[PDB]
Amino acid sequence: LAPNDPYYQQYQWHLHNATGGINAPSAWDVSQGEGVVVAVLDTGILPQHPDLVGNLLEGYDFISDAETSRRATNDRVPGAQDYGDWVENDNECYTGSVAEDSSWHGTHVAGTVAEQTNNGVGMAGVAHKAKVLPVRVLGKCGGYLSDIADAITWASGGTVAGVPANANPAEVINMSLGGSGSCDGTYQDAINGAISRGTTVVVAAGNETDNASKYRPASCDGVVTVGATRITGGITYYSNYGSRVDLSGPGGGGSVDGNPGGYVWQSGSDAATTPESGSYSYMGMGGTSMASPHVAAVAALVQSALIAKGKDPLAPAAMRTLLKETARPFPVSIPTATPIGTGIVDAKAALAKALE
């Protein structure tokens, strides 16, 4: 499928480039992810972006701190509107932090997952007939472990005190987020709960040019940990590495690969602070955060294709194995001290093996 989205051909190398893309054109001849729900646990969403509307579920906002969520109370509430995660001043988030503009990070990630495609508008998405379940866990200066843990529980169909039952449990959770430290205790348990309910959990490896074993959820047991590659097919300058990394997706090399080749391109906004301060746009961003949803969406394509043929969904372990086994080997040597998994997720190869 060669979709008609106006910026697809020039900007979206991560979809269709021969050394650094995920083989999406060929994959889309087989599956577009119809029938699956992917939970995007992130900064929230711009729910009326014209290139996403139609693919979104209402979702929920798990941030329990008014100052972080920018909402009127410390309550968690239905809907996942991103209020904007801008930080006005240096050092507000930690000693040494730098002021910056709103990210609209969750809208970009949701775009990779399910941006409306072949619609004559903007860009394309990977599992573009799936639905995104946006679950807002990150706000000003980030978010809180216990909000992130409960979000995993709910998104995967478990029960959380104080939140109504999830009518749309997700086959796949994407967490383009993390912090330093040991998985485990609260985090590992929430994750184990999602796995026991059949949900595949896909996370970013992190961006510290460091061992993924030192960050969470990158180092948790039972997740698919995703490193980041360049348009070239080689490691990005920032990608974490190490034996916990299972495979990689396109994250964008940054300035060394220029514009657009250094960046992943999707739905977002140019707003500096609040949604109203700007307007719907398409943004280029780089990180393991952009690689992770390519893999999450391939998982969605696979579940969808299985259900369409009347076959059983893969359990989480089988899904991770399939994604690793079918990854395309890197077209550029990876240094043995910085391994980033078996290869770059290959949407078509994963489909072909799952349907054999």
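From 1 onward, residues are counted along the sequence shown.
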| item | value |
| --- | --- |
| Which of 330-338 and 11-19 has higher mean CA B factor, as the PDB entry lists it | 330-338 |
| Mean C-alpha B-factor comparison - 276-284 and 158-166, higher one | 158-166 |
| Among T232, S182, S176, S248 - the residue whose C-alpha B-factor is largest in the record | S182 |
| Given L133, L138, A205, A190, the residue at which the Cα B factor reaches its maximum | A190 |
| Chain third (lowest, middle, highest) by recorded CA B-factor, residue given as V201 | lowest |
| Third of the chain, ranked by Cα B-factor, where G120 sits | middle |
| Cα B factor band for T153 (lowest, middle or highest third within the chain) | middle |
| Among modelled residues of the same chain, the CA temperature factor third for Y215 | middle |
| Where the record places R71 (Cα B-factor, split into thirds across the chain) | highest |
